[PDB]
> 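Before anything else, here's the structure in question.
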Amino acid sequence: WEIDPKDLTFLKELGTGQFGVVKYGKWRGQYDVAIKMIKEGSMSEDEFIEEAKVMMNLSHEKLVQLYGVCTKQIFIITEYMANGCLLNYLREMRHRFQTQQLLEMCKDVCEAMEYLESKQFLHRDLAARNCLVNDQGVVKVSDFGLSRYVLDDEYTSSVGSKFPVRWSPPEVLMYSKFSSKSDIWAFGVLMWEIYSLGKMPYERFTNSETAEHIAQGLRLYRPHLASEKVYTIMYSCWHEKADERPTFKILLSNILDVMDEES
Ligand SMILES: O=C(Nc1cccc([C@@H]2CN(c3ncnc4[nH]ccc34)CCN2CCO)c1)Nc1c(F)cccc1N1CCCC1
């Protein structure tokens, strides 16, 4: 798990956020890595460190690979994803995506989430902004579980000003009821983000208005590029009743069937 920071060569900035700075680098002169440099005071680092052991055993081809941690200082060393943030990827209209490509990004994500669900592991913050894209156009799930160590309460509480209201089911917004089925809800919103080419969910609403809308039964409506069958899959994620929402196993079966049918 422990990486010697001396084996790292820093090369380029990839991205900055509230919790850290990610740089493109090499490990022992040769191997491409992303180095996540945690900002001092953003993170419950000693809690994270014990968690990093269960995370070092999470391994799936659609899950951004954790390589290790540098904890004698603090850095997280992960798989480098050359096409970067999925949300930015979706907004680049130059890709001129076929709907078959969009459905494949949904499947990549669903495969990752099916694996996490198999391990009773919650993402807790599934959204396009937390997916990455590799050099072969493969989507992988990133930053799964890490919100649990974020010290800023504007990010972590449901009433917080940086909480992911637009990816949260009513039982989360009302009661803080987090479950496999809040990830299923989030996944539905993600499929919407993909098929909308990276529009903000509830584009015309505030987070306050989104929460009021969701509570009354308002839903995201069908993106132009989504077929009726694709829309049926994303909408199935948004049942008012958590126990009426599919598993990730059932969602992956649904996506595969539409891939075969071509909806
Ligand atoms: O701060 C992060 N991650 C982070 C920070 C900065 C940048 C990036 C990615 C980095 N980018 C990458 N480009 C290419 N290969 C890559 N591999 C890994 C990241 C990456 C290029 C795109 N960037 C997006 C910005 O444009 C991510 N995680 C995090 C944490 F350390 C501590 C606590 C919580 C969190 N989670 C909680 C929920 C969300 C964050």
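All residue numbers in this chain count up from 1 along the given sequence. As the structure lists them, so they are numbered: ligands from 1, and atoms in each ligand from 1.
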> What atoms of ligand 1 come closer than 4.0 angstrom to any heavy atom of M43?
32 (C)
> Start with the C-alpha gap between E203 and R166, add the side-chain angles, then the distance that decides, and say whether salt bridge (charged side-chain N to carboxylate O under 4.0 Å, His left out) holds.
CA-CA 10 Å; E203 191 160 21; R166 297 159 194 271; over 6 Å; no
> Can you list the atoms of ligand 1 that are under 4.0 Å from a heavy atom of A34?
16 (C), 17 (N), 18 (C)
> Would you say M81 and ligand 1 have an N/O pair spaced under 3.5 Å apart?
yes
> Please work out whether the ring planes of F10 and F75 are parallel, tilted or perpendicular, with thresholds of 30° and 60°.
perpendicular
> Can you list the atoms of ligand 1 that are under 4.0 Å from a heavy atom of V150?
33 (C), 34 (C)
> With a 4.0 Å cut-off, would you call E114 and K107 a salt bridge?
no
> Heavy-atom contacts with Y155 under 4.0 Å: which atoms of ligand 1 show up? List them by number with element.
38 (C)
> What atoms in ligand 1 come closer than 4.0 Å to a heavy atom of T78?
17 (N), 18 (C)
> Check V21 against ligand 1 and report side chain, backbone, both or neither, counting heavy atoms closer than 4.0 Å.
neither
> Can you list every side chain to side chain donor-acceptor pair (under 3.5 Å) pair that touches residues 121-139, not counting sequence neighbours?
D125-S147, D125-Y155
> Heavy atom under 4.0 Å from ligand 1: found in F75's side chain, backbone, both, or neither?
neither
> Please classify the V64 to ligand 1 contact at 4.0 Å (heavy-atom distances, strictly less than): side chain, backbone, both or neither.
neither
> Is it the side chain (CB and beyond), the backbone, both or neither of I38 that lies under 4.0 Å from ligand 1, heavy atoms counted?
side chain
> What residues form a ring pair (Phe, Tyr, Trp, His ring centres under 6.0 Å) with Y89, not counting sequence neighbours?
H95, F97
> Can you tell me if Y80 contacts ligand 1 (heavy atom of the residue under 4.0 Å from the ligand)?
yes
> For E2 and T71, test the side chains for any donor-to-acceptor distance below 3.5 angstrom and give the result as yes or no.
yes
> When you measure from atom 20 (C) of ligand 1 to each heavy atom in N88, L132, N130, which option holds the nearest one?
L132
> Please test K177 against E171 for salt bridge (charged side-chain N to carboxylate O under 4.0 Å, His left out), starting from the C-alpha separation and ending with a verdict.
CA-CA 5 Å; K177 193 170 171 16; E171 72 280 3; over 6 Å; no
> Would you check if there is a donor-acceptor pair between the side chains of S208 and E212 at a distance under 3.5 Å?
yes
> I need the minimum non-hydrogen distance between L151 and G41, along with the two atoms involved.
CD1-O, 3.7 Å
> Under a 4.0 Å heavy-atom limit, does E79 contact ligand 1 with its side chain, its backbone, both, or neither?
backbone
> Ignoring angles and geometry beyond distance, decide whether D143 reaches within less than 3.5 Å of ligand 1 through its nitrogen or oxygen atoms.
yes
